[PDB]
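Here's the structure we're looking at; comments come further down.
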Amino acid sequence: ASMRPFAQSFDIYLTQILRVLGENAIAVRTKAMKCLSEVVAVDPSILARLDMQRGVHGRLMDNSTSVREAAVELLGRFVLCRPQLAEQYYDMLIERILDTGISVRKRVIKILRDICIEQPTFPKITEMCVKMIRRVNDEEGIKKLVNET
DNA sequence: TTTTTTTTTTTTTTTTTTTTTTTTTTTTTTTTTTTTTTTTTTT
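Just so you know, the authors' numbering puts 1796 at position 36 of the first sequence, and the rest follows in order with no gaps.
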């Protein structure tokens, strides 16, 4: 089988999915992001190819809250999985608290809570606590989440 | 009869897409007015 022209298809598949990410329908881009996130969380040493990098950055800055929360969910699961090597994505993550949705804020707060529980002695604990306390008055559901956390 | 994990069902939250609905002039109609037009009365 490893001689046959099927085992060397996975590469192709990624490329195909990444052609999709620039398109003009929201649901399709959301699903592309979720499927890519699942792929990434299976084989965590795939956030290396430069095209995937530029893809997830672009979609992190995208103009619709659905794909934004999808992208931040990918990045958060990747950070939680690999304990170290996250000091490079923390800045682009913690930029996203101020993101004018209610999805993205809740997702970033959940990811931050799991960080602050799982691997203490991380350097940026104080700033994380300051920002989460800062958002205590922002909304209602978010308020409940921060209060119980 | 009453407790527990696993599974099953409900329900709850939050976005995106469609849907009735309010408004915003524009035009039409109809009744009110009033000015002119028409019609006897009288000094």
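In this text, a Cβ means the ideal position worked out from N, Cα and C, and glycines have one as well.
With a threshold of 16 other CB atoms inside 10 Å of the CB of residue i, please say whether the residue is buried or exposed.
i: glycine 1815; result: buried
i: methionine 1793; result: buried
i: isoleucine 1875; result: buried
i: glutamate 1900; result: exposed
i: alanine 1830; result: buried
i: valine 1800; result: buried
i: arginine 1894; result: exposed
i: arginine 1809; result: exposed
i: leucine 1835; result: buried
Would you mind giving the Cβ-Cβ distance between residue i and residue j, rounded to the nearest angstrom? I have them listed as a contact below 8 Å.
i: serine 1797; j: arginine 1837; result: 6 Å
i: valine 1868; j: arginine 1856; result: 5 Å
i: residue 1726; j: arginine 1789; result: Because the chain in this structure spans residues 1761 to 1909, residue 1726 falls outside the shown range and cannot be described.
Quick check on this structure: which residue in the options has the alpha carbon closest to the alpha carbon of residue i?
i: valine 1906; options: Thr1881, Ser1762, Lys1884, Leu1872; result: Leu1872
i: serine 1805; options: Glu1847, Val1780, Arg1842; result: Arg1842
i: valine 1832; options: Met1852, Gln1844, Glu1847; result: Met1852
i: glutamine 1844; options: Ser1824, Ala1787, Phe1882; result: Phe1882
i: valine 1864; options: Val1827, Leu1807, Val1890; result: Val1827
i: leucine 1774; options: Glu1908, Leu1807, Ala1830; result: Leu1807
i: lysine 1884; options: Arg1809, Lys1866, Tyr1849; result: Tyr1849
i: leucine 1858; options: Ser1769, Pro1880, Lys1891, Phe1766; result: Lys1891
i: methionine 1812; options: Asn1823, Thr1825, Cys1795; result: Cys1795
Item to complete: Can you check the segment 1809-1851 for any alpha helix (DSSP H) of at least 4 residues that lies completely inside it and give the ranges in chain order?
Response: For the segment 1809-1851, the continuous alpha helix (DSSP H) assignments of 4+ residues that do not extend past its boundaries occur at 1810-1820, 1825-1841, in sequence order.
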